[PDB]
Amino acid sequence: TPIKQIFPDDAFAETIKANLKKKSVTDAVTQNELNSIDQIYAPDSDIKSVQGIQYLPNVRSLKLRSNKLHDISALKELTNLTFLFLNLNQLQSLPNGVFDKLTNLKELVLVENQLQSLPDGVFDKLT
Amino acid sequence: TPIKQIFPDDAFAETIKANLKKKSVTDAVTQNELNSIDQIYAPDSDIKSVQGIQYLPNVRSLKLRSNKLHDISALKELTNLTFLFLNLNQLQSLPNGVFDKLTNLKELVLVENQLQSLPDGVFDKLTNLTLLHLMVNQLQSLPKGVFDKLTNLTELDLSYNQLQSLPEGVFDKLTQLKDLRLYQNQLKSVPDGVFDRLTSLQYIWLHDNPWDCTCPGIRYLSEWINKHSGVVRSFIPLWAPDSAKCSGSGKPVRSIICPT
Amino acid sequence: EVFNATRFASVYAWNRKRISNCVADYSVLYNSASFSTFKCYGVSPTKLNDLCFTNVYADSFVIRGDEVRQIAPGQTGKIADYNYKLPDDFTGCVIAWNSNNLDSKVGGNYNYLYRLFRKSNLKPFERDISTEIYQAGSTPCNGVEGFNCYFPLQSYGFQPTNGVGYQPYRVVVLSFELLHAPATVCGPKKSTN
């Protein structure tokens, strides 16, 4: 049964239901089968609302061509990432405590690092 | 008005979501429909913590499961928990004062309890109970006249206990002994004053009872029931006529002179 | 052989019958009218011939006679949770036989010992007619007068003038499934004039 006031994203849901080219509309829906995609490939994907993402752990790398998204919430409890690409020019600080479990990161790109000072023991555990 | 902050714990929120088959957290419910809800299905309940339930005092069906929490002393501040139906002996410590507030309960049975000190006078003023359970009891002494006004005893379930003795003259006002069995027991004292006016009795129970041979107490009744030995049977496969044998003396019947 | 046997197999010696290619004569028992209380709902004359279950998967459980009418939604108990869970599909034919009157013997009936509680349930896709015994105490006293022992063998109380209200009842569940399996007969027809 159709329910109103559920999906905030129109373009994202439309492209999800269109790019896959499903057989028909009379099929059922679930969450485990829908969330089989862990790497989202959507050009200029500007999804901001990531609150309550604890029910969707399988995603690891999120691509965002959203220069406007300056929210620190994207890195408060997102510690499963292995790649970084943020065009946040006015980045004058880095959140602390995210290194508690970050051991699956392989390659990162940190351009325009305006940090004139560095913290102690920042790389100490990165053996 | 939006209501949030309902689930503080992250894992408890997921457990509630899985148990109550709620897909999302943006759904709306009403009080009148929930009040009519007398069935709640929360299978595979991974209820490790109880924090967060204090703000929902209007639930008719509950669910509780804890295999590690032996200190349940938090029950004192817990007003809405009525469904306590679990079977596990792993609970070694028994909290005190469980019965002080637990009056809102609908169904609650408990067996094989390690209650060392059973409070005296449970039936003082609470006479509104219909189905009473006297299961796994240890009351060794009873107040005198505690059952005076309680002439409404109709349903009696006294089996499955560790009863040892009975007070002197407990079933005095009770002149409606209808159905009772006294096996697997260790009775010490037979109540007195129960056969004085009970001369028009129609049911009598004497099986597996050590009647005293002290003359002239029960000699008449013993002889009368012995004369009708063709009806009374036993449990063990032994010669029935030889069962009726008084202990100790061994002399014949006609040679006994009853003193005094 | 079963429903007309004097020494009826007790509750602990029940037998499961596998019915194949056999059309049960429901029109005989259902119209016998020997039992006044025919609270059997679910059968119809126009759908009687199509009740040809290729694989009859019938489940049986035990309940006391006085508690059969005390079933209401939103209620739970250990009797139902220890033998078989009762769903909301309790509507069905009450196949209850009265064999208590046919098991009367001179000298009293002290050998009939019923077992109300079983260790496990009738597991699916498996057959079990075992006679395992469950005791209610850990340390056995073996009849010696002492502490921490009880008797699970309750006296039957078979008085000659006792009440007749202890008649047991059992209800079975019959659901039809159309799987990938053939069939040959579903019902006969009565020859005309």
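Going down the list, the protein sequences come from chains X, Y and C.
8 is the number of the first residue of the first sequence in the entry's author numbering; add one for each residue after it.
8 is the number of the first residue of the second sequence in the entry's author numbering; add one for each residue after it.
340 is the number of the first residue of the third sequence in the entry's author numbering; add one for each residue after it.
Even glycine gets a Cβ: it sits at the ideal position worked out from N, Cα and C.
Q. So what does DSSP say about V129 of chain X, is it helix, strand or coil?
A. The residue labelled residue 129 of chain X in the question sits at position 122 within the first sequence. The answer is coil: DSSP assigns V129 of chain X none of H, G, I, E or B.
Q | alpha helix (DSSP H) segment containing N42 of chain Y, residue limits | A | Here residue 42 of chain Y is taken as the residue at index 35 of the second sequence, counted from 1. Here the alpha helix (DSSP H) through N42 of chain Y covers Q38 to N42.
Q. Going along the chain, which residues of the stretch 50-62 of chain X sit with their C-beta nearer than 9 angstroms to a C-beta in chain Y?
A. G59, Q61 and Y62
Q: Tell me, please, whether the CB atom of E21 of chain Y is closer than 8 angstroms to any CB atom in chain X?
A: By 1-based counting over the second sequence, the position of residue 21 of chain Y is 14. Chain X, which has a Cβ nearer than 8 angstroms to the Cβ of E21 of chain Y, makes this yes.
(Q) I'd like the span of the alpha helix (DSSP H) that includes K234 of chain Y, first residue to last. (A) As a first step, residue 234 of chain Y must be located in the second sequence, where it is residue number 227. Unbroken alpha helix (DSSP H) run through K234 of chain Y: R226 to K234.
Q: Going by CA-CA distance only, name the one from C:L517, C:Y365, C:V483 and C:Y423 that's closest to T393 of chain C.
A: Counting from 1 along the third sequence, the entry for residue 393 of chain C is found at position 54. Among C:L517, C:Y365, C:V483 and C:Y423, the Cα nearest to that of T393 of chain C is on C:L517.
(Q) With a threshold of 8 angstroms between beta carbons, is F490 of chain C in contact with chain Y? (A) Translated into positions along the third sequence, residue 490 of chain C becomes position 151. Answer yes: the Cβ-Cβ gap between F490 of chain C and chain Y drops below 8 angstroms somewhere.
Q | Cross-chain neighbours of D45 of chain Y in chain C, by beta carbon under 8 angstroms | A | Within the second sequence, the letter at position 38 stands for residue 45 of chain Y. Going along chain C in sequence order, the residues near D45 of chain Y (Cβ under 8 angstroms) are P412 and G413.
Q.
Between Y:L163, Y:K185, Y:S148 and Y:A25, which has its C-alpha nearest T137 of chain Y's C-alpha?
A. Locating residue 137 of chain Y in the second sequence gives position 130, where the first residue counts as 1. Checking every option, the nearest Cα to that of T137 of chain Y belongs to Y:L163.
Q: Return yes when the Cβ of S56 of chain X is within less than 8 angstroms of the Cβ of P15 of chain X, no when it is not.
A: Along the first sequence, one-based indexing puts residue 15 of chain X at 8. Along the first sequence, one-based indexing puts residue 56 of chain X at 49. Cβ atoms of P15 of chain X and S56 of chain X: closer than 8 angstroms.
Q | Paired residues, beta bridge with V433 of chain C - DSSP | A | Position 94 of the third sequence holds residue 433 of chain C. BP columns for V433 of chain C point to C:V510.
**Q.** Nonlocal neighbours in the same chain, by C-beta distance under 6 angstroms from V201 of chain Y, ignoring five residues either side
**A.** Your numbering for residue 201 of chain Y matches position 194 in the second sequence. The residues are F178.
Q: For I23 of chain Y, count neighbouring Cβ atoms within 10 angstroms of its own Cβ and tell me buried if that reaches 16, exposed if not.
A: Within the second sequence, residue 23 of chain Y is the residue found at index 16, counting from 1. Buried.
Q. Is there a Cβ from chain Y that is less than 8 angstroms from the Cβ of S494 of chain C?
A. By one-based count along the third sequence, residue 494 of chain C stands at place 155. Judged by the 8 angstroms Cβ criterion, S494 of chain C is in contact with chain Y.
Q.
Using a 10 Å radius around the Cβ and a threshold of 16 neighbouring Cβ atoms, would you call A81 of chain X buried or exposed?
A. Counting from 1 along the first sequence, the entry for residue 81 of chain X is found at position 74. Looking at its Cβ environment, which holds 16 or more other Cβ atoms inside 10 Å, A81 of chain X is buried.
**Q.** C-beta atoms of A363 of chain C and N354 of chain C nearer than 8 angstroms
**A.** Within the third sequence, the letter at position 24 stands for residue 363 of chain C. Within the third sequence, the letter at position 15 stands for residue 354 of chain C. Not a contact, by the Cβ cut-off of 8 angstroms.
Q: Determine the DSSP secondary structure at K151 of chain Y, reduced to helix, strand or coil.
A: If you number the second sequence from 1, residue 151 of chain Y lands on position 144. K151 of chain Y: coil per DSSP, three-state reduction.
Q) Counting along the chain, where does the alpha helix (DSSP H) carrying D428 of chain C start and finish? A) Residue mapping note: residue 428 of chain C aligns to position 89 of the third sequence, counting from 1. Looking at the DSSP string, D428 of chain C is not in any alpha helix (DSSP H), and its letter there is neither H nor E.
**Q.** CB contact below 8 angstroms: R188 of chain Y versus chain C
**A.** Reading the second sequence from its first residue, position 181 is the one you call residue 188 of chain Y. Closer than 8 angstroms: yes.
Q) Out of Y:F154, Y:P266 and Y:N74, which has the shortest C-alpha to C-alpha gap to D131 of chain Y? A) Here residue 131 of chain Y corresponds to residue number 124 of the second sequence, with the count starting at 1. The residue with the shortest Cα to Cα distance from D131 of chain Y is Y:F154.
Q: Compare the beta carbon distance of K458 of chain C and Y473 of chain C with 8 angstroms and say whether it is the shorter of the two.
A: The sequence position of residue 458 of chain C within the third sequence is 119, counting from 1. The sequence position of residue 473 of chain C within the third sequence is 134, counting from 1. Contact flag set, yes.
(Q) Can you confirm whether the stretch 400-408 of chain C touches the stretch 464-481 of chain C when touching is taken to mean that 3 or more C-beta pairs between the two stretches lie within less than 8 angstroms? (A) no
Q) Going by alpha carbons, who is nearest to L95 of chain X out of X:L76, X:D127, X:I47 and X:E21? A) As a working mapping, residue 95 of chain X is identified with position 88 in the first sequence. That would be X:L76, whose Cα lies nearest to the Cα of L95 of chain X.
Q: Determine the closest residue to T385 of chain C out of C:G526, C:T531 and C:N532, with distance taken between C-alpha atoms.
A: Numbered from its first residue, the third sequence carries residue 385 of chain C at position 46. For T385 of chain C, the nearest C-alpha among the options comes from C:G526.
Q) If the cut is a Cβ gap below 7 angstroms, which residues of chain C does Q123 of chain Y touch? A) Start at 1 with the first residue of the second sequence, and residue 123 of chain Y comes out as number 116. Result: empty, since nearest Cβ-Cβ is about 16 angstroms, beyond 7 angstroms.
Q.
I'd like the list of long-range same chain contacts for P150 of chain Y, defined as Cβ closer than 8 angstroms, with 5 residues on each side in sequence excluded.
A. Stepping through the second sequence from its first residue, residue 150 of chain Y is reached at position 143. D127 and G128, listed in sequence order.
Q) Roughly how many whole angstroms lie between the Cα atoms of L88 of chain Y and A20 of chain Y? A) In the second sequence, the residue the question calls residue 88 of chain Y occupies position 81. In the second sequence, the residue the question calls residue 20 of chain Y occupies position 13. Going by the C-alpha atoms only, they are around 20 angstroms apart.
Q: Please confirm if the stretch 424-435 of chain C is in contact with the stretch 366-382 of chain C, defined as three or more CB-CB distances below 8 angstroms between the two stretches.
A: yes
**Q.** Length of the line joining the Cα atoms of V197 of chain Y and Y421 of chain C
**A.** Within the second sequence, the letter at position 190 stands for residue 197 of chain Y. Within the third sequence, the letter at position 82 stands for residue 421 of chain C. So the alpha carbons of these two residues sit roughly 39 angstroms apart.
Q.
For the alpha helix (DSSP H) containing residue 284 of chain C, name the first residue and the last one.
A. Lying outside 340 to 532, the shown extent of chain C, residue 284 of chain C is not represented and no answer is given.
Q) Thinking C-alpha only, which one of X:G104, X:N111 and X:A25 is nearest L91 of chain X? A) The residue labelled residue 91 of chain X in the question sits at position 84 within the first sequence. The shortest Cα separation from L91 of chain X among X:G104, X:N111 and X:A25 belongs to X:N111.
Q.
With a threshold of 8 angstroms on Cβ separation, who are the neighbours of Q97 of chain Y within its own chain once the five nearest residues in sequence on each side are excluded?
A. Position 90 of the second sequence, counted from the start, is the residue given in the question as residue 97 of chain Y. Excluding sequence neighbours, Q97 of chain Y sits near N74 and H77.
Q. Would you call the CB atoms of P426 of chain C and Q46 of chain Y closer than 8 angstroms?
A. Counting from one through the third sequence, the residue named residue 426 of chain C turns up at place 87. Counting from one through the second sequence, the residue named residue 46 of chain Y turns up at place 39. Contact: no.
Q) Is the Cβ-Cβ distance between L187 of chain Y and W218 of chain Y less than 8 angstroms? A) By one-based count along the second sequence, residue 187 of chain Y stands at place 180. By one-based count along the second sequence, residue 218 of chain Y stands at place 211. Against a cut-off of 8 angstroms, the Cβ pair of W218 of chain Y and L187 of chain Y comes out as no contact.
Q | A247 of chain Y, enclosing alpha helix (DSSP H) - first and last residue | A | One-based indexing of the second sequence puts residue 247 of chain Y at position 240. No alpha helix (DSSP H) holds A247 of chain Y; DSSP gives it neither H nor E.
Q) In its own chain, which residues sit with a C-beta less than 7 angstroms from the C-beta of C265 of chain Y, not counting the 5 before and 5 after it? A) Here the question's residue 265 of chain Y lines up with position 258 in the second sequence. Correct list, in chain order: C222 and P223.
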